[PDB]
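Take a look at the structure below.
Here Cβ is always computed from backbone atoms with ideal geometry, including for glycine, and neighbour counts include all displayed protein chains. Nothing in this text is a laboratory measurement; each read-out follows from the coordinates by a stated rule.
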Ligand SMILES: CC(=O)SCCNC(=O)CCNC(=O)[C@H](O)C(C)(C)COP(=O)(O)OP(=O)(O)OC[C@H]1O[C@@H](n2cnc3c(N)ncnc32)[C@H](O)[C@@H]1OP(=O)(O)O
Ligand SMILES: CC(=O)SCCNC(=O)CCNC(=O)[C@H](O)C(C)(C)COP(=O)(O)OP(=O)(O)OC[C@H]1O[C@@H](n2cnc3c(N)ncnc32)[C@H](O)[C@@H]1OP(=O)(O)O
Ligand SMILES: O=C([O-])CC(=O)C(=O)O
Ligand SMILES: O=C([O-])CC(=O)C(=O)O
């Protein structure tokens, strides 16, 4: 991120990147896993479990919200579709 | 108001090309629903219009209907039907139960359709004879998808592979890929007599053959609809009938919460973490 | 080994009655797959066998197919197709996209089928004339489900309510409930001209009428299949075609991640919590 | 362009009140993410902010954490864990 | 006891029905007339639950409560004195009676066209008994510039 923030300046380490790298480095350098265990966990999919878990709170909080605000069925604006159907099939 | 008289522009997302409900009638591809019903095309016809956006010939529509019927159900011991039964037996709604059973349809359960079609198409398009394709699968340590049955082997056919195969022979004009798959079947049945074409493999090869053998597809559309996942779609749509049937069955038999026997678990927990 | 010679007993859970995978042939209700294909019953026939466990008459099978075709798709703006397009446009698999769109099918989207059938059945079974049912619904502060269209009102029919209605008239033997629904439609169109029967209401009343008007149902089975949710099942199975079509469309158009515009949100967060 | 100078109106759907990402910092209820972390309020606190939109007292946050930990798992034989095991064992 | 000042700049109204176009027109008229508060305090729709409708106050978004009953709408807004009855020709009569059972409502504007004349005469009699001013059981409304505007009268801005 020093080599890439030299290029454009907004090319910094995103929260994704940071969590990713810091979890690979807590899994590998903390004392409990053995760098093969700690590389199964990365592959089986244990970092998509962190993201999922986190989002889950926010997701539920957007259910609990739109239910407190009593919002109704959403019919998408049709001016925001642009049907491109074929001529006659 | 500013858009009705058109002094402003907004970019429209969600390009769509399979249905138009704004207007006098529903239009699936370019075909009004009244014309859909007047030309007597069935469910296969509306899969042709919605999925592939084409007015398929009559035999293609009837074959799509046929492969939906053979896929409809294969008993409750299967993993997806197991999940549907478990969720239906926990008091959940139809959509949740069907959904929980559908979420299993992937690579290991329900993936033989698309995998068998991809494998046979890649073998056939690269000009490998069946005797060399079988050996090249063997050298790679890979089994041929779409070939292999547990019990019904020889003078004991799948009895629904036979129905589909007969339909393909009498009605399709040309089957370059089904013939290749049948040669591979002959070789593998010479190996072991129960290595016949699955229904999961015959539907895959016959659907690829229908896409690139009938009209209206240009072999760059036919090879794209396979990659996108139209065969996963056929398996899911066919097996939704069986999963909803299992939901209705378990909900009509009035059966309560399932709790797996502890004797069929085996807890291998660590000593003290 | 101990069960093969039968010296032991284990209780079997998961009673099932819609498919027999084991044995020589697939058996849906009691009728093997070869007989299913030889008797030329289509997808409607296998819904009869798997869902209701009965060999329905030909017009019932064709009507089930018809109501699957009318339900297949209704454009991308509706909520479920919106979810399918959003999830397909985020790079997910067919099953995940169809599943995320199906999970919307509930009471507010897709619930007019079963609700309209339940409401009209409870009206007709309790011996209320249509003019008193309309006034009771008005008195209770409740709208009639299955009645009401946005635009297509009079000398402007739904053009697919017309097709279904014509099929029901020319082929069903007796329609005590469709006639009641049409009288309620006459009253409500006297009120306001776009309060015609929906397709969502006509399918519901015609399906209840088919269940309790054709043979093989005892009105204790016909009234149970409505309560269990067979009409939710028909909507889900019909709309799966449209949702998979939307997945294939959005995946063929090669469209990328959708992020909602910030100017269409109106954040209303508290001041400082 | 016509909305930047504001000669037009469009009604905005999706009223939301649990997060705002448009701006300098993430804001959960009304308090920025930096204030969330500086006040040492944990996962129970961010459930308080996102779900109930309130800065709950410390004991309620710790109780929310506690009831999340007791709920975490109850073996594989129960129905939901059965479905998760079946679907995970099918390669999904 | 019919009053002479029907509409003031402090007048607020209760709109009977989902007439969001008419209520938006009223709010636009209120804003362009330099009024400090909207003239629509609540809306009454018997066919849906109690929620809030999102409207415009010039540029701003405001929330106008929608009630299922007339009673709770009347109690939560005790200073409302005008009711604009957007009911149909077969539901304006009983709605107008129920409104006139509330003493705070000083005028009712009935927009429905086609009420039978016997029911209209009953409305007139009970309004005269209760001192309420019914502005026309076939009208579009009455517009008092700078002050108030009933429904769709005048048109769009
Ligand atoms: C009284 C007495 O019994 S004493 C008699 C003494 N004699 C004996 O005991 C002999 C009995 N045993 C045998 O003959 C058998 O050959 C056995 C048991 C050793 C093994 O037989 P098989 O089951 O045919 O072997 P296997 O299970 O490997 O399968 C055979 C082939 O099927 C192939 N195959 C299996 N599934 C698939 C698939 N899905 N796709 C493609 N190929 C497949 C395998 O690649 C294998 O290929 P290969 O033969 O080229 O390696
Ligand atoms: C130039 C000029 O314009 S000056 C002319 C001056 N005159 C006027 O302005 C008159 C114009 N306005 C009217 O006449 C109209 O009647 C209005 C706008 C006041 C209201 O009309 P409508 O839209 O018919 O009323 P509404 O929306 O309440 O619907 C009518 C009925 O449909 C019923 N309805 C609606 N949806 C459903 C449903 N899904 N199921 C059952 N019933 C339903 C409602 O119950 C209502 O019943 P009710 O009449 O028994 O209460
Ligand atoms: O189709 C599949 O992949 C799984 C299946 O039905 C079977 O058990 O044979
Ligand atoms: O069927 C439904 O309930 C929703 C629907 O398709 C529509 O927008 O008309």
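Determine the shape class of chain C: with a ≥ b ≥ c the square roots of the Cα gyration tensor eigenvalues, call it rounded for a/c under 1.5, and otherwise prolate if a/b is greater than b/c, oblate otherwise. If you can, show how the numbers build up before the last one.
Working: a/c = 1.78, a/b = 1.13, b/c = 1.58.
Since a/c reaches 1.5 but b/c is at least a/b, the shape of chain C is classed as oblate.
Within the listed set C:60, C:126, C:96, the residue fluctuating most in the Gaussian network model of chain C (springs between alpha-carbon atoms under 10 angstrom) is C:126. Rounded, prolate or oblate, given the Cα gyration tensor of segment C:1-104, with a/c below 1.5 counting as rounded? Oblate, since a/c reaches 1.5 and b/c is not below a/b. Between the helical axis of E:117-130 and the longest alpha-carbon principal axis of chain E there is an angle of about 80 degrees. Averaging the sequence gap over all C-alpha pairs within less than 8 Å and six or more residues apart, then dividing by the number of residues, gives chain C a relative contact order of 24 percent. This ranking places B:253, B:202 by how few other beta-carbon atoms lie within 10 Å of each, fewest first, which gives B:253, B:202. Among C:229, C:80, C:44, the residue with the largest mean-square fluctuation in a Gaussian network model of chain C, with springs joining Cα atoms closer than 10 Å, is C:229. Using the Cβ-Cβ distance between residue A:29 and residue D:25 with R0 = 35 Å, the FRET efficiency computed as 1/(1 + (r/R0)^6) comes to roughly 0.70. For the segment D:74-85, counting C-beta atoms of other chains within 10 Å of every residue's C-beta and taking the mean gives 5.
What relative contact order, as a whole-number percentage, does segment B:43-188 give when Cα pairs under 8 Å and 6 or more residues apart are counted?
Dividing the mean separation by the residue count of segment B:43-188 yields 21 percent.
Relative to the longest principal axis of the Cα atoms of chain A, helix A:15-27 runs at roughly 30 degrees. Under the simplified labelling scheme, the residue C:265-residue D:89 pair shows an inter-label distance of 4.2 nm, with each label point 7 Å from Cα along Cα→Cβ. Site pair residue C:156 and residue D:12 shows an inter-label distance of 3.5 nm when each label is modelled 7 Å from Cα along Cα→Cβ. Averaging the sequence gap over all C-alpha pairs within less than 8 Å and six or more residues apart, then dividing by the number of residues, gives chain D a relative contact order of 16 percent. Our note on the geometry: Cα centres of segment C:48-81 and segment C:167-204, 19 Å apart. A simple spin-label model places pseudo-atoms 7 Å from Cα toward Cβ; at residue B:10 and residue A:70 they are separated by 2.7 nm. Neighbour counts of C-beta atoms inside 10 Å place B:236, E:80 in the sequence E:80, B:236, starting with the fewest. Rounded to the nearest 0.05, what FRET efficiency do residue A:59 and residue E:118 give with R0 = 45 Å and r taken as the Cβ-Cβ distance? Could you check? The computed FRET efficiency comes out at 0.20.
Helix E:20-32 versus the longest principal axis of chain E: what is the Cα-based angle in degrees, 0 to 90, to the nearest 10? For helix E:20-32, the angle is close to 60 degrees.
Its DSSP H runs of at least 4 residues, each contributing -39,500 (n - 2.57), put the calculated 222 nm mean residue ellipticity of the protein assembly as shown at -14000 deg cm²/dmol, to the nearest 500.
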